Each structure stands twice: as C-alpha cells, then as structure tokens.
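Chains as they are written, first to last, in the working numbering: chain A, 1 to 214; chain B, 1001 to 1207.
Written out below as structure tokens is the structure these notes cover.
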C-alpha cells in the first residue's frame, strides 16, 4: 500500500533554481531512508544520495555534493531535491525511491516514484496542438510542443489494450511531436466513443480530443 | 569509489530460454548486491536484494547468486514481459553505485506489419500544415523500410510489447497546406521480411 508520488515535469532556463518534491504515504516516513536516483537521457541509473528524514542526516555521492541539496519535511511526509543554478547537463529524469533496510544492514530501494522529467533549456514552453487520426485503428497526433514529456491516455484510462504511444521525435523546428494510436473492432466505430487525453505538465495544458471516422 | 560492470550489455533470447547476467565489482562486497528491472517508460523495480534474496511479488523464475566479486542474475524461463533493462547495485558502501545495465530483448516468430494510413485532419489543414501518417502495427523484427511516393519525413518506433513481443512503427509525412493541395495520390510502401511482397496503402484526397 506504500506509494510515492513525485511532482510533475518541469522546464527551467540554465542558471535558475529548482525544487522537486516527492510525497510519501503508506509507511512511517521518518523511519526509513529515502534517496534520489538520476537518469540522463538514454543513460543508466545514477545514485545521487539519500536522507534519513528522522534527523535529516544526508549521504551524498561525491559527484553531487555541493551541486545539489537533499532535504525533508517530516511534517508532511515529503522529500525534496534542490539546485542553486541548473546546468544543461542536469536535464534528466529524477526518481524518488525509499531505501528499505533488511537484516551493517542490507539496504535496497524497494519502492519507487513515477519520476520527474526535468528539461533545462533557454527555449520557452509550448503547449501541444492535438489533431485526430480519423480511421480498425484510430489515434491522436500531438504536435509542436516543448519540452518533453506529454502523456496520452484513452477514455480516461478505460482503454489500454492495443494502445501504442510512440516516442516523440524532434522536428527541425526544435519542437517535439508524437502520435498515440489504438486498435479497436471495426464494429465499434459507430457505437463507441473514443477520446484521447493528452497531458502536458510543462505548459500546464491538458487536452481531451474525441476521434471520429471520416 | 566502487565501479561495477555487467555482461553482456545486451542480449536477445526466445520465450522459455534460460538467461544469466553477470555483475562484477571492483572490490569484494560479500553479498551486498541488488538487482533491478526497468521496463521502458517505467520506474525501476526491486527484484533481488542481498545477492540472492527474492523480493516479494517477484515471479519465481528470477534467481540470484554469487559472493565476493562475481554475482549472477538468472531468469529460468523468459517471458515476453521480461524484455526489459536490468541493473545491479552494490550496497556495501556509499555511494551505492549501479551497474551499466543490460538490455534484454525477446526473439519470436517473424510477424508481418498490419499497415494503416491516416489522411490529415481538415482541422490541421486550416492551421497551415499537413501530416500524413503511416502506421505499421505489431511486427517483428524491428527492421522495416517505409517510403512516401506522391504520383521531409520522420519515423518513430515503440519498444518490445510486454505481451506479444512485437514492435510498432509510425511514419509522418509533413508538408505545408500549399504543397499538399498540389497533388492527388498519397501512398506509403512498406517492405518487410514477413511480407512476401511490398504492401502499398493509399488514399485519394477527399471523402
């Protein structure tokens, strides 16, 4: 029943500051270590550091010490990860993960958060434009947005089988674009309602689009 | 600072195969080692802690062993949902460095792409641009060739499906409204080894 819910994706210009927060429920928050894992684009996992929220004792990797701050507010079951000035190379996905202990104890990260996508760019945020892919297979074309990521669902998550959301491609315009499709029986094209729910946190934009055949 | 190496960096095996991945530390770490599984677009999952101790909820086909410098992760019977990236981690001393990771793909029978095509929306046209999409659904292997002929494109490809181990590809042909209005027939040709002959899916403007 333990679940960690991290804050939404963000976009910041280089030099700016940033605090990302993970909210923890399900267990005694002040009893177990919590850590931050960093994953650069197309790269493996990096162990950044951990904090015991009980006494705010922190243990960094030497590669992040003085570059980043790990803190915790045990009054609201929340941990934080903070930068003074963001570098371009700080662009990554940042995971929050409880470091449980097992019977010089045996430490391991058993529970993880969904993650927080951080994009460091001088480019300004753009919300997406959503067009229908009229049909059997049907979909939604999400175009001209910045920066990653968007998330697409169908019928508020009620439609999962046969859904395929493609990795975004970077158009020459410097904007992203991706499509999400689903396959459904051709008999349901006139009897069922198909809506894609596109969600772009960096632009505070959420789009619902109903797809109809031509 | 402890360094970790895993081998192989990537492997492909068919359903039912026995697969072993190895982790090697720069120093002796006894049994202080963990294994994690990360499926594409998802957050990582604890599989094994203390070198051999299986995490609750994890399927019995996963097993781990080793001590000192060399550890192994073993999947007794590969499932199609087991196609994921696998990391090791040392829990002896901070920092708790991870391993480089190993990509595990799945080998299946050759499947041919179901090919669809979507003409641009009338809403999109009034915005200035025109994007034509060709979709290749549930095929294998990942290699495939798409060509747009009318008589400036971009492709994307999903990861291996966790249920049927197939891939899926999209190709988006993008023009300006002016250039789109100047031609009649749009078609995508698809060559694949599961296809005995090239498949062409086309449309004429207007319906």
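Ideal Cβ placement from N, Cα and C applies to all residues, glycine included.
Proximity below 8 Å, CB of residue 1095/B to CB of residue 1017/B
no
When the Cα atoms are used, what is the spatial distance from residue 53/A to residue 75/A?
10 Å
Who are the near neighbours of residue 192/A in its chain, counting only those whose CB is closer than 8 Å to its CB and skipping five residues on each side?
184
Residue 1178/B: first and last residue of the uninterrupted alpha helix (DSSP H) it sits in:
1177-1180
Quick one: list the residues of chain A neighbouring residue 1143/B, beta-carbon separation under 7 Å, in chain order.
In chain order: nothing, as chain A lies at least about 17 Å away.
Name, please, each residue of chain B whose Cβ falls closer than 7 Å to the Cβ of residue 109/A.
1046
From which residue to which residue does the alpha helix (DSSP H) around residue 3/A run?
Element bounds for residue 3/A: not the alpha helix (DSSP H) but the beta strand (DSSP E), 3-6.
Hey, quick one: how far does the alpha helix (DSSP H) through residue 1124/B stretch, first residue to last?
1122-1125
As assigned by DSSP and simplified to three states, the class of residue 1080/B:
helix
Spatially closest choice to residue 28/A from 98/A, 66/A, 61/A, 117/A, by CA coordinates:
98/A
At the level of alpha carbons, what is the spacing between residue 1127/B and residue 206/A?
20 Å
According to the Cβ coordinates, are residue 24/A and residue 140/A closer than 8 Å?
no
Any C-beta of chain A sitting closer than 8 Å to the C-beta of residue 1059/B?
no
For the pair the segment 1060-1067 of chain B and the segment 1115-1134 of chain B, tell me if three or more CB-CB distances fall below 8 Å.
no
Can you list the residues of chain A that residue 1100/B reaches, using a CB-CB cut of under 7 Å?
44
Could you pull out every unbroken beta strand (DSSP E) segment of at least 3 residues lying fully inside the segment 1048-1122 of chain B, listed in chain order?
1062-1067, 1070-1075, 1085-1090, 1102-1107, 1114-1118
Hey, could you find the ends of the beta strand (DSSP E) residue 200/A is sitting in?
195-200
Pick out the complete beta strand (DSSP E) segments inside the segment 3-77 of chain A, 3 residues or longer, and give them in chain order.
3-6, 10-12, 18-25, 33-39, 46-52, 57-60, 69-73
For the structure I just gave you, are there three or more beta carbon pairs, one from the segment 59-67 of chain A and one from the segment 106-124 of chain A, closer than 8 Å?
no
Exposed or buried, residue 48/A, counting other C-beta atoms within 10 Å across all chains shown (16 or more means buried)?
buried
Where the segment 1081-1100 of chain B meets chain A: residues whose CB sits under 9 Å from a CB there:
1085, 1087, 1089, 1091, 1094, 1095, 1096, 1097, 1098, 1099, 1100
Reduced DSSP category for residue 155/A - H, G, I as helix; E, B as strand; rest coil:
helix
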